[PDB]
Amino acid sequence: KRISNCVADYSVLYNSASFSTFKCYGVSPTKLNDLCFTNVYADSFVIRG
Amino acid sequence: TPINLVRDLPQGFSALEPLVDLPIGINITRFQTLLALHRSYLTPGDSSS
Ligand SMILES: *[C@@H]1O[C@H](CO)[C@@H](O)[C@H](O)[C@H]1NC(C)=O
């Protein structure tokens, strides 16, 4: 997936209270929204437990 | 831009303003336009002749 020319907030992508696991390295989860980047790529697939 | 003419476009000046931006990120080398036809009671209704 490729996202460009869009302003989105991740807060609603976190307050669902339904994700079993969460992992994010390199940047703090609470201060990545302010940190501006160029493009965001989504790597969606399925996997076993 | 409204006009009352068939062919041989007028010499008047009119600028063009953007409406929306599309950030595909992929080069394009060919294009093609689409047209809509009508199927009235005069035609048999088949798209052959
Ligand atoms: C143009 O498109 C082709 C086909 O996808 C691709 O292989 C090529 O790298 C593209 N060129 C540029 C400059 O993006």
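Residues numbered from 1 in each chain as written, not as in the entry; some residues may be left out. Chains lettered and ligands numbered in written order. Part of a larger assembly, values for the part shown. Heavy atoms only, no water.

The deposited coordinates derive from cryo-EM, with the record listing a resolution of 8.45 Å.

Identification of chain B as Spike glycoprotein,Fibritin,Expression Tag from Severe acute respiratory syndrome coronavirus 2 is taken from the PDB entry.

Per the PDB entry, chain A goes by Spike glycoprotein,Fibritin,Expression Tag and derives from Severe acute respiratory syndrome coronavirus 2.

Caption draft 1: Examining the overall build of chain A more closely. Scanning chain A from N- to C-terminus turns up 0 helices and 2 strands. Taken along the three principal axes of its C-alpha coordinates, chain A extends 35 × 25 × 20 Å. Counting across all 49 residues of chain A, residues that qualify as buried make up 2%. On chain A, roughly 5200 Å² of surface is accessible, and the fraction owed to carbon and sulfur atoms is 59%. (Helix = DSSP H or I, 4+ residues; strand = E, 2+ residues; numbered from the N terminus. Buried < 20%, exposed > 50% of the residue type's maximum accessible area, 1.4 Å probe, protein only. Areas by Shrake-Rupley, 256 points an atom, 1.4 Å probe, with all protein chains shown as cover.)

Caption draft 2: A look at a nonpolar patch on the surface. A contiguous nonpolar surface patch, about 470 Å² in accessible area, is contributed by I3, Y10, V12, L13 and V40 of chain A. Positionally, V12 of chain A belongs in the loop between strand 1 (2–3) and strand 2 (40–41). (Patch = residues over 30% accessible without salt bridge, like charges linked within 9 Å, V, L, I, M, F, W, Y side chains within 5 Å. Salt bridge = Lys/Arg side-chain N within 4 Å of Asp/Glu carboxyl O.)

Caption draft 3: Just the layout of surface pockets, in detail. For the largest pocket, the calculated volume is near 1600 Å³. Residues of the lining of the largest pocket, tallied by class, amount to 20 nonpolar, 11 polar and 3 charged. (1 Å grid on protein atoms, 1.4 Å probe; cavity = no way out; pocket = protein on both sides within 12 Å on 5 of 7 lines; lining within 4 Å. Points joined across faces, edges and corners; volume = space filled by probe spheres on them. Nonpolar A, V, L, I, M, F, W, Y, C, P; charged D, E, K, R; others polar.)

Caption draft 4: Up close: the environment of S44 of chain A. Along the chain, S44 of chain A falls in the segment after strand 2. A C-alpha to C-alpha distance of 8.1 Å links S44 of chain A and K1 of chain A, two positions 43 residues apart in sequence.

Caption draft 5: Inspection of the packing of aromatic side chains at higher detail. Residues and elements named next belong to chain A. Scanning the model with the defined rule gives 1 aromatic pair over all chains in all. Consider the rings of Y14 and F22, whose centres lie 5.7 Å apart with planes at 65°: the pair is edge-to-face. Accessibility assignment for this pair places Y14 and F22 in one class, exposed. (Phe/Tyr/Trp six-rings, centres within 6.5 Å; stacked < 30°, edge-to-face > 60°.)

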